[PDB]
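structure.cif follows (mmCIF, N, CA and C atoms):
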```
data_entry
#
loop_
_atom_site.label_atom_id
_atom_site.label_comp_id
_atom_site.auth_asym_id
_atom_site.auth_seq_id
_atom_site.Cartn_x
_atom_site.Cartn_y
_atom_site.Cartn_z
N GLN Z 102 -9.17 -14.07 -28.93
CA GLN Z 102 -8.04 -13.68 -29.75
C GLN Z 102 -7.95 -12.17 -29.85
N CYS Z 103 -9.06 -11.54 -30.19
CA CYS Z 103 -9.19 -10.10 -30.13
C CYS Z 103 -9.25 -9.67 -28.67
N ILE Z 104 -9.48 -8.39 -28.44
CA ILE Z 104 -9.80 -7.93 -27.10
C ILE Z 104 -11.22 -7.37 -27.12
N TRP Z 105 -12.16 -8.18 -26.65
CA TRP Z 105 -13.50 -7.75 -26.29
C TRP Z 105 -13.66 -7.62 -24.79
N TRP Z 106 -12.62 -7.93 -24.02
CA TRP Z 106 -12.69 -7.87 -22.58
C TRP Z 106 -13.04 -6.47 -22.09
N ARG Z 107 -12.77 -5.43 -22.88
CA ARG Z 107 -13.31 -4.11 -22.62
C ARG Z 107 -14.80 -4.03 -22.94
N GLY Z 108 -15.34 -5.04 -23.61
CA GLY Z 108 -16.73 -5.02 -24.03
C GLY Z 108 -17.03 -3.98 -25.08
N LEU Z 109 -16.32 -4.05 -26.20
CA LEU Z 109 -16.47 -3.06 -27.26
C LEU Z 109 -17.77 -3.21 -28.04
N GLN Z 110 -18.30 -4.43 -28.18
CA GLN Z 110 -19.40 -4.62 -29.11
C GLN Z 110 -20.55 -3.66 -28.87
N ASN Z 111 -20.62 -3.06 -27.69
CA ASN Z 111 -21.47 -1.91 -27.45
C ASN Z 111 -20.72 -0.96 -26.54
N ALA Z 112 -20.76 0.33 -26.86
CA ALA Z 112 -20.19 1.32 -25.96
C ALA Z 112 -20.99 1.41 -24.67
N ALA Z 113 -22.19 0.85 -24.66
CA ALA Z 113 -22.99 0.80 -23.45
C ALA Z 113 -22.36 -0.05 -22.38
N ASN Z 114 -21.33 -0.84 -22.74
CA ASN Z 114 -20.69 -1.78 -21.80
C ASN Z 114 -19.39 -1.21 -21.31
N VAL Z 115 -19.47 -0.33 -20.34
CA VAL Z 115 -18.27 0.21 -19.75
C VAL Z 115 -18.63 0.20 -18.29
N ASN Z 116 -17.66 -0.12 -17.45
CA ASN Z 116 -17.88 -0.14 -16.03
C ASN Z 116 -16.63 0.53 -15.57
N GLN Z 117 -16.58 0.89 -14.30
CA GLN Z 117 -15.43 1.61 -13.84
C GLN Z 117 -14.23 0.75 -14.00
N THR Z 118 -14.37 -0.56 -14.06
CA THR Z 118 -13.18 -1.34 -14.27
C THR Z 118 -12.53 -0.90 -15.56
N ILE Z 119 -13.31 -0.62 -16.60
CA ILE Z 119 -12.74 -0.07 -17.84
C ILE Z 119 -12.18 1.31 -17.57
N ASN Z 120 -12.91 2.11 -16.82
CA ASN Z 120 -12.46 3.46 -16.50
C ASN Z 120 -11.22 3.44 -15.65
N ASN Z 121 -11.17 2.52 -14.70
CA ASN Z 121 -10.02 2.40 -13.85
C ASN Z 121 -8.91 2.08 -14.79
N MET Z 122 -9.13 1.16 -15.71
CA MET Z 122 -8.11 0.77 -16.68
C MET Z 122 -7.58 1.92 -17.49
N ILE Z 123 -8.42 2.85 -17.91
CA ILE Z 123 -7.97 3.91 -18.78
C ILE Z 123 -7.04 4.80 -18.00
N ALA Z 124 -7.41 5.14 -16.78
CA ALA Z 124 -6.61 6.03 -15.97
C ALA Z 124 -5.24 5.42 -15.69
N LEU Z 125 -5.12 4.11 -15.61
CA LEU Z 125 -3.90 3.35 -15.39
C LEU Z 125 -3.07 3.30 -16.66
N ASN Z 126 -3.72 3.19 -17.81
CA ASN Z 126 -3.01 3.25 -19.08
C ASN Z 126 -2.44 4.64 -19.34
N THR Z 127 -2.92 5.65 -18.62
CA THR Z 127 -2.38 7.00 -18.75
C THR Z 127 -1.13 7.17 -17.91
N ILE Z 128 -1.16 6.64 -16.69
CA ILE Z 128 -0.09 6.80 -15.73
C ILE Z 128 0.90 5.65 -15.84
N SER Z 129 0.72 4.78 -16.83
CA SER Z 129 1.56 3.60 -16.95
C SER Z 129 2.39 3.64 -18.22
N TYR Z 130 3.64 3.20 -18.09
CA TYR Z 130 4.53 3.06 -19.21
C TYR Z 130 4.38 1.73 -19.91
N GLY Z 131 3.71 0.78 -19.28
CA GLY Z 131 3.61 -0.55 -19.83
C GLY Z 131 2.71 -1.40 -18.97
N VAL Z 132 2.23 -2.49 -19.58
CA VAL Z 132 1.24 -3.35 -18.94
C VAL Z 132 1.47 -4.79 -19.35
N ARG Z 133 0.91 -5.69 -18.55
CA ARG Z 133 0.82 -7.10 -18.85
C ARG Z 133 -0.61 -7.55 -18.60
N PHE Z 134 -1.14 -8.41 -19.47
CA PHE Z 134 -2.40 -9.05 -19.17
C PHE Z 134 -2.04 -10.35 -18.47
N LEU Z 135 -2.31 -10.41 -17.17
CA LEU Z 135 -1.79 -11.50 -16.35
C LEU Z 135 -2.65 -12.76 -16.47
N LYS Z 136 -3.96 -12.62 -16.32
CA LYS Z 136 -4.88 -13.73 -16.49
C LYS Z 136 -6.21 -13.22 -17.00
N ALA Z 137 -6.85 -14.05 -17.82
CA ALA Z 137 -8.16 -13.75 -18.38
C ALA Z 137 -9.05 -14.96 -18.14
N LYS Z 138 -10.07 -14.79 -17.31
CA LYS Z 138 -10.98 -15.87 -16.99
C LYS Z 138 -12.36 -15.51 -17.52
N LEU Z 139 -12.90 -16.41 -18.33
CA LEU Z 139 -14.22 -16.27 -18.89
C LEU Z 139 -15.14 -17.30 -18.26
N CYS Z 140 -16.33 -16.87 -17.87
CA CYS Z 140 -17.33 -17.79 -17.35
C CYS Z 140 -18.66 -17.52 -18.04
N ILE Z 141 -19.13 -18.51 -18.78
CA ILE Z 141 -20.47 -18.48 -19.34
C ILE Z 141 -21.44 -19.05 -18.33
N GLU Z 142 -22.60 -18.43 -18.24
CA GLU Z 142 -23.69 -18.94 -17.44
C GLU Z 142 -24.93 -19.07 -18.31
N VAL Z 143 -25.50 -20.26 -18.33
CA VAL Z 143 -26.67 -20.56 -19.14
C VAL Z 143 -27.88 -20.56 -18.23
N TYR Z 144 -28.71 -19.54 -18.38
CA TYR Z 144 -29.97 -19.50 -17.65
C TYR Z 144 -31.05 -20.31 -18.34
N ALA Z 145 -31.00 -20.41 -19.66
CA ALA Z 145 -32.03 -21.12 -20.40
C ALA Z 145 -31.46 -21.72 -21.67
N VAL Z 146 -32.03 -22.85 -22.07
CA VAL Z 146 -31.84 -23.42 -23.39
C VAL Z 146 -33.22 -23.50 -24.02
N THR Z 147 -33.44 -22.72 -25.07
CA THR Z 147 -34.78 -22.57 -25.63
C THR Z 147 -34.74 -22.75 -27.14
N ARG Z 148 -35.28 -23.87 -27.61
CA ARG Z 148 -35.54 -24.06 -29.02
C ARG Z 148 -36.89 -23.49 -29.42
N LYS Z 149 -37.00 -23.18 -30.70
CA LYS Z 149 -38.28 -22.85 -31.30
C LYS Z 149 -38.91 -24.14 -31.81
N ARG Z 150 -39.99 -24.56 -31.16
CA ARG Z 150 -40.71 -25.75 -31.58
C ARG Z 150 -41.60 -25.38 -32.76
N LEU Z 151 -41.40 -26.07 -33.87
CA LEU Z 151 -42.11 -25.79 -35.11
C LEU Z 151 -43.10 -26.92 -35.35
N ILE Z 152 -44.38 -26.61 -35.23
CA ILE Z 152 -45.45 -27.56 -35.50
C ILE Z 152 -45.98 -27.25 -36.89
N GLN Z 153 -45.81 -28.18 -37.82
CA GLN Z 153 -46.15 -27.95 -39.22
C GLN Z 153 -47.16 -28.99 -39.69
N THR Z 154 -48.39 -28.54 -39.90
CA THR Z 154 -49.26 -29.17 -40.88
C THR Z 154 -48.87 -28.71 -42.27
N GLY Z 155 -49.31 -29.46 -43.27
CA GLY Z 155 -49.05 -29.06 -44.64
C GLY Z 155 -49.51 -27.64 -44.91
N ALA Z 156 -48.61 -26.83 -45.46
CA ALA Z 156 -48.90 -25.46 -45.87
C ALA Z 156 -49.23 -24.55 -44.69
N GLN N 102 0.12 21.45 9.55
CA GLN N 102 -1.28 21.74 9.80
C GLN N 102 -2.03 21.93 8.50
N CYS N 103 -1.50 22.77 7.62
CA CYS N 103 -1.99 22.89 6.27
C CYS N 103 -1.61 21.64 5.49
N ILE N 104 -1.88 21.64 4.19
CA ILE N 104 -1.33 20.61 3.33
C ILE N 104 -0.40 21.28 2.33
N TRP N 105 0.90 21.20 2.61
CA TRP N 105 1.95 21.47 1.65
C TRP N 105 2.57 20.21 1.10
N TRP N 106 2.10 19.05 1.55
CA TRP N 106 2.64 17.78 1.10
C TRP N 106 2.51 17.61 -0.41
N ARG N 107 1.56 18.30 -1.04
CA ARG N 107 1.54 18.41 -2.49
C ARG N 107 2.62 19.34 -3.01
N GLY N 108 3.28 20.09 -2.13
CA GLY N 108 4.27 21.06 -2.52
C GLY N 108 3.70 22.22 -3.30
N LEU N 109 2.74 22.92 -2.70
CA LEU N 109 2.08 24.03 -3.37
C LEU N 109 2.94 25.27 -3.50
N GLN N 110 3.86 25.51 -2.56
CA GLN N 110 4.52 26.81 -2.53
C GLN N 110 5.15 27.16 -3.87
N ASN N 111 5.37 26.18 -4.74
CA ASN N 111 5.68 26.43 -6.13
C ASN N 111 4.97 25.37 -6.95
N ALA N 112 4.33 25.79 -8.04
CA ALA N 112 3.76 24.82 -8.96
C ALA N 112 4.84 24.01 -9.65
N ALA N 113 6.08 24.47 -9.58
CA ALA N 113 7.20 23.72 -10.13
C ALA N 113 7.41 22.41 -9.41
N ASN N 114 6.77 22.22 -8.25
CA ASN N 114 6.97 21.02 -7.41
C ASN N 114 5.82 20.08 -7.58
N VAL N 115 5.85 19.31 -8.65
CA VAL N 115 4.84 18.32 -8.87
C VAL N 115 5.65 17.16 -9.35
N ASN N 116 5.28 15.96 -8.94
CA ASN N 116 5.98 14.77 -9.36
C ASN N 116 4.82 13.88 -9.64
N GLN N 117 5.06 12.75 -10.27
CA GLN N 117 3.96 11.90 -10.63
C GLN N 117 3.28 11.47 -9.38
N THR N 118 3.93 11.46 -8.24
CA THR N 118 3.20 11.07 -7.07
C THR N 118 2.01 12.00 -6.90
N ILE N 119 2.17 13.29 -7.16
CA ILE N 119 1.03 14.21 -7.14
C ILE N 119 0.07 13.85 -8.25
N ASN N 120 0.60 13.55 -9.43
CA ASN N 120 -0.24 13.19 -10.56
C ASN N 120 -0.96 11.90 -10.32
N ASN N 121 -0.28 10.94 -9.72
CA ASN N 121 -0.88 9.67 -9.42
C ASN N 121 -2.00 10.02 -8.50
N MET N 122 -1.74 10.86 -7.51
CA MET N 122 -2.77 11.26 -6.56
C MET N 122 -3.99 11.87 -7.20
N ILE N 123 -3.84 12.68 -8.22
CA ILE N 123 -4.97 13.36 -8.79
C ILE N 123 -5.85 12.35 -9.47
N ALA N 124 -5.26 11.43 -10.21
CA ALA N 124 -6.02 10.44 -10.94
C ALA N 124 -6.80 9.55 -9.97
N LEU N 125 -6.30 9.31 -8.77
CA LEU N 125 -6.92 8.53 -7.72
C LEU N 125 -8.04 9.30 -7.05
N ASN N 126 -7.86 10.61 -6.89
CA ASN N 126 -8.92 11.46 -6.37
C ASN N 126 -10.08 11.57 -7.35
N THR N 127 -9.86 11.21 -8.61
CA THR N 127 -10.93 11.21 -9.60
C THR N 127 -11.75 9.93 -9.53
N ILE N 128 -11.06 8.81 -9.37
CA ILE N 128 -11.68 7.50 -9.38
C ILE N 128 -12.05 7.08 -7.97
N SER N 129 -11.89 7.97 -7.00
CA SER N 129 -12.12 7.62 -5.61
C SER N 129 -13.28 8.41 -5.03
N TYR N 130 -14.08 7.72 -4.23
CA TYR N 130 -15.16 8.34 -3.49
C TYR N 130 -14.71 8.92 -2.18
N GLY N 131 -13.53 8.55 -1.71
CA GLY N 131 -13.07 8.97 -0.41
C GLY N 131 -11.66 8.51 -0.18
N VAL N 132 -11.01 9.17 0.78
CA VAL N 132 -9.59 8.94 1.04
C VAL N 132 -9.31 9.08 2.53
N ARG N 133 -8.18 8.54 2.92
CA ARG N 133 -7.60 8.72 4.24
C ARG N 133 -6.14 9.07 4.07
N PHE N 134 -5.64 10.00 4.88
CA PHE N 134 -4.20 10.22 4.94
C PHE N 134 -3.70 9.32 6.05
N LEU N 135 -2.99 8.26 5.68
CA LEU N 135 -2.67 7.21 6.64
C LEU N 135 -1.46 7.57 7.50
N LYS N 136 -0.38 8.00 6.87
CA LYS N 136 0.80 8.46 7.59
C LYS N 136 1.51 9.53 6.79
N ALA N 137 2.11 10.47 7.52
CA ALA N 137 2.87 11.56 6.93
C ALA N 137 4.21 11.62 7.64
N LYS N 138 5.28 11.32 6.91
CA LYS N 138 6.62 11.33 7.48
C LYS N 138 7.42 12.42 6.81
N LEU N 139 7.97 13.31 7.63
CA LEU N 139 8.81 14.39 7.18
C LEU N 139 10.24 14.13 7.62
N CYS N 140 11.18 14.32 6.71
CA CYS N 140 12.59 14.21 7.05
C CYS N 140 13.34 15.41 6.52
N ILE N 141 13.89 16.19 7.43
CA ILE N 141 14.79 17.28 7.08
C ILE N 141 16.20 16.73 6.99
N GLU N 142 16.93 17.20 6.00
CA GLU N 142 18.34 16.91 5.86
C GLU N 142 19.12 18.21 5.76
N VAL N 143 20.10 18.36 6.64
CA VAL N 143 20.91 19.57 6.70
C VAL N 143 22.24 19.27 6.04
N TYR N 144 22.45 19.84 4.86
CA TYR N 144 23.73 19.73 4.19
C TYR N 144 24.74 20.74 4.71
N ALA N 145 24.27 21.90 5.16
CA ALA N 145 25.17 22.94 5.62
C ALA N 145 24.50 23.79 6.69
N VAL N 146 25.31 24.30 7.60
CA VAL N 146 24.93 25.35 8.52
C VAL N 146 25.88 26.50 8.26
N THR N 147 25.36 27.61 7.75
CA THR N 147 26.21 28.70 7.28
C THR N 147 25.73 30.03 7.85
N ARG N 148 26.49 30.58 8.78
CA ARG N 148 26.29 31.95 9.22
C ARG N 148 27.03 32.93 8.33
N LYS N 149 26.54 34.16 8.34
CA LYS N 149 27.25 35.28 7.74
C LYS N 149 28.13 35.89 8.80
N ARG N 150 29.44 35.73 8.64
CA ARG N 150 30.41 36.32 9.56
C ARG N 150 30.57 37.79 9.21
N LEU N 151 30.31 38.65 10.18
CA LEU N 151 30.34 40.09 10.00
C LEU N 151 31.55 40.63 10.73
N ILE N 152 32.53 41.10 9.96
CA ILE N 152 33.73 41.72 10.51
C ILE N 152 33.55 43.22 10.39
N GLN N 153 33.47 43.90 11.53
CA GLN N 153 33.16 45.32 11.57
C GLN N 153 34.29 46.09 12.25
N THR N 154 35.04 46.85 11.47
CA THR N 154 35.69 48.04 11.98
C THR N 154 34.68 49.17 12.05
N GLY N 155 35.00 50.19 12.83
CA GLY N 155 34.14 51.35 12.91
C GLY N 155 33.82 51.91 11.54
N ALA N 156 32.53 52.09 11.27
CA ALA N 156 32.04 52.70 10.04
C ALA N 156 32.34 51.86 8.80
#
```
Starting from the file, lay out its structure as structure tokens.
Amino acid sequence: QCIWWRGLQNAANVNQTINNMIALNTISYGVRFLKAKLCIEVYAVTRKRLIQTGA
Amino acid sequence: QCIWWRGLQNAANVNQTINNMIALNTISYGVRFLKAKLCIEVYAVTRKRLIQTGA
């Protein structure tokens, strides 16, 4: 819903695609977001196993 | 032979195509000049007619 596609949650997340984008937003009068594809990849599913004796 | 295609002979001759070019030379590691087409258009051919009586 927001735009995190620039990866704002850390400024450490900038790639030239963002930079390419900025230079285009300078030379551009207008833009369209044509498609946005998100792909999650799960390398691991890790629970914390809690072994509890009393106290 | 030189590059006047940017229109250097006057700084008054810049169009966004030059500006577009500069922004691309920033985000680019390298370039090729693929084709250069020059077209002259002659709107007029005008000589100075010199009518000379003696002195």
What are the coordinates of chain N as a tab-separated table (two decimals) with N, CA and C atoms, in the coordinates of the input following a least-squares fit to chain Z on all in-order C-alpha atoms?
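Once written, out.tsv looks like this:
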```tsv
chain	number	residue	atom	x	y	z
N	102	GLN	N	-9.17	-14.08	-28.92
N	102	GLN	CA	-8.04	-13.68	-29.74
N	102	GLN	C	-7.96	-12.17	-29.85
N	103	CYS	N	-9.07	-11.54	-30.19
N	103	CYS	CA	-9.19	-10.10	-30.13
N	103	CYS	C	-9.25	-9.67	-28.67
N	104	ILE	N	-9.48	-8.38	-28.44
N	104	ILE	CA	-9.80	-7.93	-27.10
N	104	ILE	C	-11.22	-7.37	-27.12
N	105	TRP	N	-12.17	-8.19	-26.66
N	105	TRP	CA	-13.50	-7.75	-26.28
N	105	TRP	C	-13.67	-7.63	-24.79
N	106	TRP	N	-12.62	-7.93	-24.03
N	106	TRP	CA	-12.69	-7.87	-22.58
N	106	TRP	C	-13.04	-6.47	-22.09
N	107	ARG	N	-12.77	-5.44	-22.88
N	107	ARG	CA	-13.31	-4.11	-22.62
N	107	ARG	C	-14.79	-4.03	-22.94
N	108	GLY	N	-15.35	-5.04	-23.61
N	108	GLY	CA	-16.73	-5.02	-24.03
N	108	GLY	C	-17.02	-3.98	-25.08
N	109	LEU	N	-16.31	-4.05	-26.20
N	109	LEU	CA	-16.47	-3.07	-27.26
N	109	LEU	C	-17.77	-3.21	-28.04
N	110	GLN	N	-18.30	-4.43	-28.17
N	110	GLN	CA	-19.40	-4.63	-29.11
N	110	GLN	C	-20.54	-3.66	-28.87
N	111	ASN	N	-20.62	-3.05	-27.68
N	111	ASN	CA	-21.47	-1.91	-27.45
N	111	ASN	C	-20.72	-0.96	-26.53
N	112	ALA	N	-20.75	0.33	-26.86
N	112	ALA	CA	-20.19	1.31	-25.96
N	112	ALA	C	-20.99	1.40	-24.67
N	113	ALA	N	-22.19	0.85	-24.66
N	113	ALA	CA	-22.99	0.80	-23.45
N	113	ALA	C	-22.35	-0.05	-22.38
N	114	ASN	N	-21.33	-0.84	-22.73
N	114	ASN	CA	-20.69	-1.78	-21.79
N	114	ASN	C	-19.39	-1.22	-21.31
N	115	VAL	N	-19.46	-0.33	-20.34
N	115	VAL	CA	-18.28	0.21	-19.75
N	115	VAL	C	-18.63	0.20	-18.29
N	116	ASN	N	-17.66	-0.12	-17.45
N	116	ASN	CA	-17.88	-0.14	-16.02
N	116	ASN	C	-16.64	0.53	-15.56
N	117	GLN	N	-16.58	0.90	-14.30
N	117	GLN	CA	-15.42	1.62	-13.83
N	117	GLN	C	-14.23	0.75	-14.01
N	118	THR	N	-14.37	-0.56	-14.06
N	118	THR	CA	-13.18	-1.33	-14.26
N	118	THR	C	-12.52	-0.90	-15.56
N	119	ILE	N	-13.30	-0.62	-16.60
N	119	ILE	CA	-12.74	-0.07	-17.84
N	119	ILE	C	-12.18	1.31	-17.57
N	120	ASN	N	-12.91	2.12	-16.81
N	120	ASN	CA	-12.46	3.46	-16.50
N	120	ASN	C	-11.22	3.44	-15.65
N	121	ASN	N	-11.17	2.53	-14.70
N	121	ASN	CA	-10.02	2.40	-13.85
N	121	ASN	C	-8.91	2.08	-14.79
N	122	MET	N	-9.13	1.16	-15.71
N	122	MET	CA	-8.11	0.78	-16.68
N	122	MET	C	-7.58	1.93	-17.49
N	123	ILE	N	-8.42	2.85	-17.91
N	123	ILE	CA	-7.97	3.90	-18.78
N	123	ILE	C	-7.05	4.80	-18.01
N	124	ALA	N	-7.41	5.14	-16.78
N	124	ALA	CA	-6.61	6.03	-15.97
N	124	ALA	C	-5.24	5.42	-15.70
N	125	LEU	N	-5.12	4.10	-15.61
N	125	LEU	CA	-3.90	3.36	-15.39
N	125	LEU	C	-3.06	3.30	-16.65
N	126	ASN	N	-3.72	3.19	-17.81
N	126	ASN	CA	-3.01	3.25	-19.08
N	126	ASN	C	-2.44	4.64	-19.34
N	127	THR	N	-2.92	5.65	-18.62
N	127	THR	CA	-2.38	6.99	-18.75
N	127	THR	C	-1.12	7.17	-17.90
N	128	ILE	N	-1.16	6.64	-16.69
N	128	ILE	CA	-0.09	6.80	-15.73
N	128	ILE	C	0.89	5.65	-15.84
N	129	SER	N	0.72	4.78	-16.83
N	129	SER	CA	1.56	3.60	-16.95
N	129	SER	C	2.39	3.64	-18.22
N	130	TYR	N	3.63	3.21	-18.09
N	130	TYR	CA	4.53	3.06	-19.22
N	130	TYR	C	4.37	1.73	-19.91
N	131	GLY	N	3.71	0.77	-19.28
N	131	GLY	CA	3.61	-0.56	-19.83
N	131	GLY	C	2.72	-1.40	-18.97
N	132	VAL	N	2.23	-2.49	-19.58
N	132	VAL	CA	1.24	-3.35	-18.94
N	132	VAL	C	1.48	-4.80	-19.34
N	133	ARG	N	0.91	-5.68	-18.56
N	133	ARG	CA	0.82	-7.10	-18.85
N	133	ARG	C	-0.61	-7.54	-18.60
N	134	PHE	N	-1.14	-8.40	-19.47
N	134	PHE	CA	-2.41	-9.05	-19.17
N	134	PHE	C	-2.04	-10.34	-18.47
N	135	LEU	N	-2.31	-10.41	-17.17
N	135	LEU	CA	-1.79	-11.50	-16.36
N	135	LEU	C	-2.65	-12.76	-16.47
N	136	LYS	N	-3.95	-12.61	-16.31
N	136	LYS	CA	-4.88	-13.73	-16.49
N	136	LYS	C	-6.21	-13.22	-17.00
N	137	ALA	N	-6.85	-14.05	-17.82
N	137	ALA	CA	-8.16	-13.75	-18.38
N	137	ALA	C	-9.04	-14.96	-18.14
N	138	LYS	N	-10.06	-14.78	-17.31
N	138	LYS	CA	-10.98	-15.87	-16.99
N	138	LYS	C	-12.35	-15.51	-17.51
N	139	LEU	N	-12.90	-16.41	-18.33
N	139	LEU	CA	-14.22	-16.27	-18.89
N	139	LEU	C	-15.14	-17.30	-18.26
N	140	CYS	N	-16.33	-16.87	-17.87
N	140	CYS	CA	-17.33	-17.78	-17.36
N	140	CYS	C	-18.66	-17.52	-18.04
N	141	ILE	N	-19.12	-18.51	-18.77
N	141	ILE	CA	-20.46	-18.49	-19.35
N	141	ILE	C	-21.43	-19.05	-18.33
N	142	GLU	N	-22.59	-18.43	-18.24
N	142	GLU	CA	-23.69	-18.94	-17.45
N	142	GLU	C	-24.93	-19.07	-18.32
N	143	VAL	N	-25.50	-20.27	-18.33
N	143	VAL	CA	-26.67	-20.56	-19.14
N	143	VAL	C	-27.88	-20.56	-18.24
N	144	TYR	N	-28.72	-19.54	-18.37
N	144	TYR	CA	-29.97	-19.49	-17.65
N	144	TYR	C	-31.06	-20.31	-18.34
N	145	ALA	N	-31.00	-20.41	-19.66
N	145	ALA	CA	-32.03	-21.12	-20.39
N	145	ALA	C	-31.46	-21.72	-21.67
N	146	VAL	N	-32.03	-22.84	-22.07
N	146	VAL	CA	-31.84	-23.42	-23.39
N	146	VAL	C	-33.21	-23.49	-24.02
N	147	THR	N	-33.43	-22.71	-25.07
N	147	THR	CA	-34.77	-22.56	-25.63
N	147	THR	C	-34.74	-22.75	-27.14
N	148	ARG	N	-35.28	-23.87	-27.61
N	148	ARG	CA	-35.54	-24.06	-29.02
N	148	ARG	C	-36.89	-23.49	-29.42
N	149	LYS	N	-37.01	-23.18	-30.70
N	149	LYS	CA	-38.29	-22.85	-31.30
N	149	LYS	C	-38.90	-24.13	-31.81
N	150	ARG	N	-39.98	-24.56	-31.16
N	150	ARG	CA	-40.72	-25.75	-31.58
N	150	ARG	C	-41.60	-25.38	-32.76
N	151	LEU	N	-41.41	-26.06	-33.87
N	151	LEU	CA	-42.11	-25.79	-35.11
N	151	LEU	C	-43.09	-26.92	-35.36
N	152	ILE	N	-44.38	-26.60	-35.24
N	152	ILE	CA	-45.45	-27.56	-35.51
N	152	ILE	C	-45.98	-27.24	-36.89
N	153	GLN	N	-45.80	-28.18	-37.82
N	153	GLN	CA	-46.14	-27.96	-39.22
N	153	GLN	C	-47.17	-28.99	-39.69
N	154	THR	N	-48.39	-28.54	-39.91
N	154	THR	CA	-49.26	-29.17	-40.88
N	154	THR	C	-48.88	-28.71	-42.27
N	155	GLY	N	-49.30	-29.46	-43.27
N	155	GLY	CA	-49.06	-29.06	-44.64
N	155	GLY	C	-49.51	-27.64	-44.91
N	156	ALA	N	-48.61	-26.83	-45.46
N	156	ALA	CA	-48.90	-25.46	-45.87
N	156	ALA	C	-49.23	-24.55	-44.69
```
Note to self: Expand the PyMOL selection byres ((chain Z) within 8 of (chain N)) into the explicit residue set it covers here, and present it as a PyMOL selection string.
What the structure shows: chain Z and resi 120-121+124-125+128
Note to self: Between atom N of residue 131 (chain Z) and CA of residue 135 (chain N), what is the distance in Å, rounded to a tenth?
What the structure shows: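 Interatomic distance here is 27.5 Å.
Within chain N, residues classed as alpha helix (DSSP H) by DSSP on backbone coordinates are residues 117, 118, 119, 120, 121, 122, 123, 124, 125, 126 and 127 of chain N.
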Check: So what do you get for CA of residue 118 (chain Z) versus atom N of residue 106 (chain Z), distance-wise?
Finding: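 According to the coordinates, CA of residue 118 (chain Z) and atom N of residue 106 (chain Z) are separated by 11.8 Å.
Taking CA of residue 114 (chain N) and CA of residue 136 (chain N) as the two end points, the separation is 20.5 Å.
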Assuming 4 Å of padding per side, give the centre and edge lengths of the axis-aligned box around every listed atom of region 119-129 of chain Z, in Å to one decimal and as lines of an AutoDock Vina configuration file.
```
center_x = -5.5
center_y = 3.3
center_z = -16.6
size_x = 23.7
size_y = 15.8
size_z = 13.5
```
Since fewer atoms than expected are present, regenerate N, CA, C and O atoms for region 119-129 of chain Z and write them as a CSV table (one decimal), in the coordinates of the input.
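Written out: out_27.csv:
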```
chain,number,residue,atom,x,y,z
Z,119,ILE,N,-13.3,-0.6,-16.6
Z,119,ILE,CA,-12.7,-0.1,-17.8
Z,119,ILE,C,-12.2,1.3,-17.6
Z,119,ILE,O,-11.1,1.7,-18.0
Z,120,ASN,N,-12.9,2.1,-16.8
Z,120,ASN,CA,-12.5,3.5,-16.5
Z,120,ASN,C,-11.2,3.4,-15.6
Z,120,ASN,O,-10.3,4.3,-15.8
Z,121,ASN,N,-11.2,2.5,-14.7
Z,121,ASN,CA,-10.0,2.4,-13.8
Z,121,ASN,C,-8.9,2.1,-14.8
Z,121,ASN,O,-7.9,2.7,-14.8
Z,122,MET,N,-9.1,1.2,-15.7
Z,122,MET,CA,-8.1,0.8,-16.7
Z,122,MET,C,-7.6,1.9,-17.5
Z,122,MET,O,-6.4,2.0,-17.7
Z,123,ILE,N,-8.4,2.8,-17.9
Z,123,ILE,CA,-8.0,3.9,-18.8
Z,123,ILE,C,-7.0,4.8,-18.0
Z,123,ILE,O,-6.0,5.1,-18.5
Z,124,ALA,N,-7.4,5.1,-16.8
Z,124,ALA,CA,-6.6,6.0,-16.0
Z,124,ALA,C,-5.2,5.4,-15.7
Z,124,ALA,O,-4.3,6.1,-15.4
Z,125,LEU,N,-5.1,4.1,-15.6
Z,125,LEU,CA,-3.9,3.4,-15.4
Z,125,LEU,C,-3.1,3.3,-16.7
Z,125,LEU,O,-1.8,3.4,-16.6
Z,126,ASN,N,-3.7,3.2,-17.8
Z,126,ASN,CA,-3.0,3.2,-19.1
Z,126,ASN,C,-2.4,4.6,-19.3
Z,126,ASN,O,-1.6,4.8,-20.2
Z,127,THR,N,-2.9,5.6,-18.6
Z,127,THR,CA,-2.4,7.0,-18.8
Z,127,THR,C,-1.1,7.2,-17.9
Z,127,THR,O,-0.2,7.8,-18.3
Z,128,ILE,N,-1.2,6.6,-16.7
Z,128,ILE,CA,-0.1,6.8,-15.7
Z,128,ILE,C,0.9,5.6,-15.8
Z,128,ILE,O,1.8,5.5,-15.0
Z,129,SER,N,0.7,4.8,-16.8
Z,129,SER,CA,1.6,3.6,-17.0
Z,129,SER,C,2.4,3.6,-18.2
Z,129,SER,O,1.9,4.1,-19.3
```
